[PDB]
Amino acid sequence: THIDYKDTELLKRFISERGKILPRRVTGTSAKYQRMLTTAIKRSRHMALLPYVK
Amino acid sequence: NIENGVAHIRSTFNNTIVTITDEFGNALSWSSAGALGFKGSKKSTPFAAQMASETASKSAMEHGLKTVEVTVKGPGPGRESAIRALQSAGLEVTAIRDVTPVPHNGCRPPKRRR
Amino acid sequence: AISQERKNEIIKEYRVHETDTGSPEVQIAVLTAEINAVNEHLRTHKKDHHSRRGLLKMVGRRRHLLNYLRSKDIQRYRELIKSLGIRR
Amino acid sequence: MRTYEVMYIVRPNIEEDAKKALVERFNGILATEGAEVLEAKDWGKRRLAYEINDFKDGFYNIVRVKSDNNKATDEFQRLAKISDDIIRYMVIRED
Amino acid sequence: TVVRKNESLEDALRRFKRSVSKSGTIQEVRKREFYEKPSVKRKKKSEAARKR
RNA sequence: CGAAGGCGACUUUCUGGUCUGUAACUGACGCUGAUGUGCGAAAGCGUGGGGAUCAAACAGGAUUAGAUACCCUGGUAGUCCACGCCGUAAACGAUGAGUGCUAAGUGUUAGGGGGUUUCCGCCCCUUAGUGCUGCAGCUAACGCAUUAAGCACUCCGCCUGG
């Protein structure tokens, strides 16, 4: 699914205040778990948890 | 009026220049890369502020900066010893703020940090 | 699902064959809804762009199946094109 | 279906009354017509990760929607930064 | 953002190095400034999970 | 993934379509080919930007016993995006697109059946592919091959001197 903003409870190891994702082999995941890692976390991680750049 | 001054250092890979300024923008003076015989962007050497920036800082004597806080926006060889002119007369190098911006990002581009 | 919003809202008059899944005579004149409905399937955030040729060779699919019925029997596609509200 | 999951934070340089004037909407008005903020998903003092609102701590009240219709999320995506207890939003169609 | 004290400045050769690289999204930082080519990196751009 | 040129920031979209596990079902309802389908990258291409970067020109420098050139900031446009594209690339597969195999193997993205469930992992079946090799076949050889440069049923076009 598209895990929402507080839906990083067992995933804030992956979340960061300042920009750290774990890619595929970093968690040993396939192309659904890594994919939620890289897309579905972002609703919590990017919009008001990561200043990209100015 | 002591303990007030920042060596806000605009040092890239070259161009070891640093303003011996206040903690915020008022800009007293400097021994920068246009100050100790050089011009800048080939001064990848500390002698902007190897020795002769604390010449300026102690000719001022108003900072008394126990915290001189070189603030960088890039690399530089002479920048780690651009703070030797904050150790020469000994103004107690205490911080290294080597950061590029992360405010956020105006529009269909103007531009800002990478 | 089998898109019962339309695929089996139109069966109320177009379930001409039972086990109507698959019997192409069932999906007789369901092409009428996707004129602007698929333009809303796209235009919100746009590009279901080749859905134009999709819907139009779907009209072609009607040519493939309703004429297959015409060959099965002419009175079939007559009932579906003469007495039907989508005429000719 | 335009189901908008709206990451909104309050401008956290606020009092509970200024929170109240805007989060009294995000339980009932965001329950209008299948908008369904599922409950008071407006938690207390969180941590403002990327610093906005010139306030150094996060009072992360956020509107969460899992639906298909999602009526009244536009009613504070329009009130997003005009607000005194919302800052931003997320434009997300989710069928 | 970094304050390091208690170090010499002819020894600042070692103090100016160690707060740089640590970021898993070091790219998703950079976003909207200065964007480049993978040409010689097409040896290694069939790559993991970007969109395929 | 697209008709291709090609397709890249991400929250999202249509998830269109791939996609494999189910496929719930009337009775040839398709490939190529009159139709017709669209564009195809740039050099260049019909408006503000554009000389901001880069940048030809010019400057200006000079190797050792040789420039204005490798050298380029000011800088000529151009570069570039909000209104028009050509039908060209090593778009090369030098290898056209339907029915199916050629001992087959191979680890694997997807989606599944699962045992064991693990602590989300070990083992078996799996295919669009993914690669790897590798049987037959292949041509002179390059070298191709369960996914052709083979094998038996479809069309296309090419040309039998250039």
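Residue numbers (the authors' numbering), protein chains in the order written: chain r, 24 to 77; chain k, 15 to 128; chain o, 2 to 89; chain f, 1 to 95; chain u, 4 to 55.
Each residue gets a CB set at the ideal place from its N, CA and C atoms; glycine is no exception.
In chain order, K8, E10, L12 and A15 make up the part of chain u whose C-beta sits under 8 Å from the C-beta of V107 (chain k).
Taking a C-beta distance under 8 Å as the contact criterion, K71 (chain f) and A40 (chain f) do not qualify as a contact pair.
In this chain, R36 (chain r) is not harboured by any alpha helix (DSSP H), its DSSP state being neither H nor E. In the three-state scheme derived from DSSP, where H, G and I count as helix and E and B as strand, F19 (chain u) is classed as coil. In this structure, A47 (chain k) sits near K53 (chain k), with a CB-CB distance shorter than 8 Å. At a cut-off of 8 Å between beta-carbon atoms, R35 (chain u) makes contact with chain r.
Between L16 (chain u) and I97 (chain k), the beta carbon gap of about 11 Å keeps them out of contact (Cβ cut-off 8 Å). Distance from the CA atom of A41 (chain k) to the CA atom of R47 (chain f), rounded to whole angstroms, is 35 Å. For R88 (chain f), the nearest CB of chain r lies under 8 Å from its own CB, placing it at the interface with that chain. The criterion of a C-beta distance shorter than 8 Å is satisfied by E5 (chain f) and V65 (chain f).
Contact with chain u is absent for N28 (chain k), since none of that chain's Cβ atoms lies less than 8 Å from the residue's Cβ. Secondary structure of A49 (chain f) (DSSP, three-state): coil. For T69 (chain k), the enclosing alpha helix (DSSP H) begins and ends at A66 to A74. Counting every other CB atom within 10 Å of its CB across the protein chains shown gives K57 (chain k) a total of 16 or more, marking it as buried. In the DSSP assignment, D112 (chain k) falls within the unbroken beta strand (DSSP E) covering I110 to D112.
Interface flag for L34 (chain r) against chain f is unset, since no Cβ pair is found closer than 8 Å. Identification of chain u residues near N119 (chain k) by a Cβ-Cβ cut-off of 8 Å yields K34 and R35, ordered along the chain. Rounded to the nearest whole angstrom, the CA to CA distance from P41 (chain u) to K56 (chain f) is 39 Å. In this chain, the alpha helix (DSSP H) harbouring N27 (chain f) covers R25 to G28.
Residue contact with chain r for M7 (chain f): present (Cβ-Cβ distance below 8 Å to some residue of chain r). Comparing alpha carbon positions, the residue from k:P89, k:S67 and k:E37 closest to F19 (chain u) is k:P89. Under the three-state reduction of DSSP output, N61 (chain f) falls in the strand class. Contact between the stretch 38–48 of chain r and the stretch 21–35 of chain u is present, with at least three C-beta pairs closer than 8 Å. For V86 (chain k), the uninterrupted beta strand (DSSP E) run begins and ends at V84 to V86, by DSSP. Shortest Cα-Cα distance from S52 (chain o) to any of o:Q76, o:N40 and o:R71 involves o:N40. Annotation for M59 (chain o): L32 and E35 place their beta carbon closer than 8 Å to its own, counting only its chain and skipping 5 residues before and after.
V49 (chain r): member of the alpha helix (DSSP H) spanning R47 to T50, first to last residue.
Annotation for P25 (chain o): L66 place their beta carbon closer than 6 Å to its own, counting only its chain and skipping 5 residues before and after. In this structure, DSSP gives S72 (chain o) a helical state, which the three-state scheme calls helix.
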